[PDB]
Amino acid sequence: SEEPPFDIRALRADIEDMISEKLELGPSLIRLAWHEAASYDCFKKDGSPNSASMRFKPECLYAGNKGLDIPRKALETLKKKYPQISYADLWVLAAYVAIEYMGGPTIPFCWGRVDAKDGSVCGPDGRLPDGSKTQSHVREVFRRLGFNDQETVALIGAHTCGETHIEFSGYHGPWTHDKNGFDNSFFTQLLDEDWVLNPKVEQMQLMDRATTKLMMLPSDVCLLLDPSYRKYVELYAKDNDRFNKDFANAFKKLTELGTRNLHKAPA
């Protein structure tokens, strides 16, 4: 353990406090950190993941990043108050806090990420997964990130919390009945419901027959269609502890892609 130069105890507490005043914020912090890592290509070794390069054009304007200005701006306050933290570390830390606050795992945090200085390091568009595409696309994107199928499914389970917004993705609604709880219920809703066409959302999405108030994207239900992905959907649906543990491991790996010289924070 190595004590960071910013007051991490106070800062964790401030993040929890922000999240408690604005509930919809917790999940967006997770989506922020994920999208900042998802630009990586492990074959080309570029894309500048975990560097807060999304603060810059062109990356901030990519369609996949629509709406992430909100968590970005919410975190600005905290950057002013703890100027020693890099934006990159801040985004990651916020998401870790978000996850634990919502009843998810406690991910061991490493600090020391260097912020991108300008948009020239940004990778191309077309790196973020598209909700309308299915398993061959999802596998292509995650293999480009460096993940196997197991880590892929665990990661997508973050859809346990939060919701889609028409104004951001063009999709509408939450995946689960408690969008502020972090657990395996994304995998439970995925197997236990009958997913029918939602006939009134312009961008094709499914709804649960039982209530019609839950949704799934084509990229979510593709996990059931692909026999390798389905395997891990079943794994996590039937064992919440295993999902907690695999998610924590995959998320930490993810928010550590393309980083170097990090220090272990105290718990």
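One-based numbering along the sequence shown.
- Averaged over CA atoms, B-factors in the entry run higher in 163 to 171 than in the other of 88 to 96 and 163 to 171.
- With 6 to 14 and 252 to 260 compared on mean CA B-factor from the PDB entry, the stretch scoring higher is 6 to 14.
- Across 154, 196, 122, 145, the greatest Cα temperature factor reported in the deposited entry is at 122.
- When the modelled residues of the chain are ordered by C-alpha B-factor, residue 210 sits in the highest third.
- The PDB entry assigns residue 31 a C-alpha temperature factor belonging to the lowest third of its chain's modelled residues.
- In the deposited entry, the Cα temperature factor of residue 78 sits in the top third of values across the chain's modelled residues.
- The PDB entry assigns residue 150 a C-alpha temperature factor belonging to the lowest third of its chain's modelled residues.
- Among the modelled residues of its chain, residue 241 has a C-alpha B-factor that falls in the highest third according to the deposited record.
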